[PDB]
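**Q** I am attaching a structure below and will ask some questions about it afterwards.
Derivation of every value follows stated rules applied to the coordinates shown; laboratory data play no part. Quick reminder, even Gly has a Cβ in these numbers, built from the backbone with ideal geometry, and neighbours come from all protein chains shown.
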Amino acid sequence: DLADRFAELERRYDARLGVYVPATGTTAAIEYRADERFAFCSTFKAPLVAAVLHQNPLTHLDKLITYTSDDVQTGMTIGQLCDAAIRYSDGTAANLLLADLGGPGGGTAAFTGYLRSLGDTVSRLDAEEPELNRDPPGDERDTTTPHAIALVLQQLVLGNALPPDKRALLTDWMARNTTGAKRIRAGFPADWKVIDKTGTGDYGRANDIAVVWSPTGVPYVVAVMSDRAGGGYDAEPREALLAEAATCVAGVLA
Amino acid sequence: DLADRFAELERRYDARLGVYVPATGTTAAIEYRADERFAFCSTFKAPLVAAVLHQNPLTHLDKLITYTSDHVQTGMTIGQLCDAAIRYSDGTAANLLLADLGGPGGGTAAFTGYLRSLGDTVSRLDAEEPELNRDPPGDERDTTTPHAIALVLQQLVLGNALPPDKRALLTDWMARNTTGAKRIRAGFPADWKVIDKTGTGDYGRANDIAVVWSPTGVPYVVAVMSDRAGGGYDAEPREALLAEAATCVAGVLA
């Protein structure tokens, strides 16, 4: 019935839609293709910043980054990179943050390890920007699931994965995100608070992961993922699909 | 007529609009506040990439970025930074390229010097990302003019500021830009080619610089710049102002 409404959205937007909202005390979980794999695209940048915060003292956020270009001091701090990675979905920033995690594969293994540390046994990051938005449909590389990513985001924002000060930094960056106004945010009434991280890619990929707070003060975690493989590489992402999906979710949580 | 239409746009969008289109064989120049200063915002990224290309052999584009704390190789080269800076308007990429061009603290001077070398005596870059989008209205720092930036872009894409292979790289990156669909592109009919670089910032700043080709093969250079200083730091940029301005321009060039 809710399932029937999501199926109608898929029909209307010629798309595959995935939704997960964890249960609360007064609401059942919402799950639609929740264990199907979808490309992360830029949604990984929210947990990425969490990983960097967790692995380092707060002072590290003041570290001005340096690099070498022989197959150099910059004016950029890790904190500035965290801000850019979330609020502007800056890919180069994410690549530098991944490298800051250390380990093999530019930090992709370390990031995947951080997710494992949060009990996410499903998600994987294999490549970095820009390739991670460009895997063909069906490729498991660089994917998560609505279910997986929702439970990660829940621990980060609502749980204890980060101490309070670090948690506040992540929450604020997500709260001031500039890219999500036409996705989950558009589907929830204005008196709900929404913090989010978007993701977009080829094959009509459009994602948004959010923590929303009802007027009554109840937090919910909403993960919506979509793609349009029927259109091939050039399929247009449909933000309005995510907004409409968010509206269905809101109607159930109201 | 045209000046009156731009004035009306300013009134309707509560904004300051600047326009410059160089003359061609069959068309008069278009100029509206063309010599007034506006913040570059990310528009500087196109000339930035030209500067790096000019000062280096094409082999430089293959140089890898290694993040250093004391070494973590990224999957990123100078070429990929060029692609990111222009197509995704990556600020972090721009900052790395500024460092590549002038060294630590020297990129902005090197960039300004490059513009001087192209005969642009007006523009200046003083800060890096993100500060360069944040100067108070009336600060001359980090500004160009529609007139200045149009003539720079003309030399880069249509002139011989760059040798053919380098020129082709810059043109292609601009051609595949993902961020400008609602600005100049939105004002020109679909059978016109549009390559562009956008810029957005605080105080309602929204810019776009483009080279457009008519179906008959005639190139025009279009620079549109806007801000909403009266609304203060948080004023919303209005993309539709740029699209409308572009539509007026297109109607005159058709």
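**Q** Using only the alpha-carbon atoms of the stretch B:186-254, report the extent along each of the three principal axes, biggest first, to the nearest angstrom.
**A** Computed over the stretch B:186-254, the largest-to-smallest principal extents equal 43, 19, 15 Å.
**Q** Between beta-carbons, use under 11 Å as the cut-off and find the net charge around B:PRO215, counting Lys and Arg +1, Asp and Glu -1.
**A** 0
**Q** Shifting gears a bit: In nm, to one decimal, how far is the A:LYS182 label point from the A:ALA7 one, both placed 7 Å along Cα→Cβ?
**A** With each label placed 7 Å out from Cα toward Cβ, I get 3.0 nm.
**Q** Could you give the distance between the Cα centres of the stretch A:165-233 and the stretch A:71-95, to the whole Å?
**A** Centre-to-centre distance over Cα atoms comes out at 21 Å.
**Q** Moving on. For B:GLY180, list long-range residues whose amide hydrogen, built 1.01 Å from N in the peptide plane, is under 5 Å from its own amide hydrogen.
**A** none
**Q** Turning to a different aspect of this structure: Quickly work out the B:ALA168-to-A:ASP70 label distance, labels modelled 7 Å from Cα along the C-beta direction, and quote it in nm with one decimal.
**A** So the label points at A:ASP70 and B:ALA168 sit 3.3 nm apart.
**Q** Also, I was wondering about something else. Would any residue of the stretch B:188-207 have its amide N under 19 Å from a label point 7 Å out along Cα→Cβ of B:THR26? List them or say none.
**A** What the label zone holds, given the 19 Å backbone N cut-off, is B:188-194.
**Q** Cross-link candidates for A:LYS193: which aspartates and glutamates have Cα within less than 13 Å, leaving aside residues fewer than 8 places away along the same chain?
**A** A:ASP172
**Q** In sequence order, what are the phi-derived ³J(HN,Hα) couplings for the stretch A:158-163 according to the Karplus relation 6.51 cos²θ - 1.76 cosθ + 1.60 with θ = phi - 60°, rounded to whole Hz, with x for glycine and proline?
**A** Coupling constants for the stretch A:158-163: 9, x, 10, 4, 10, x Hz.
**Q** Give the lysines whose C-alpha is closer than 21 Å to that of B:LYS63, dropping any in the same chain fewer than 8 places away, or say none.
**A** Straight-line reach from B:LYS63, under 21 Å: B:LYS45, B:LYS166.
**Q** Take each of the peptides B:204-210, B:29-35, average the number of other beta-carbon atoms within 10 Å over its residues, and list them starting from the highest.
**A** Final packing ranking: B:204-210, B:29-35.
**Q** Find how much the distance from B:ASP191 to B:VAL218 grows on full extension, using 0.36 nm per residue of separation minus their present alpha carbon separation; answer in nm with one decimal.
**A** Answer, rounded to one decimal: 8.5 nm.
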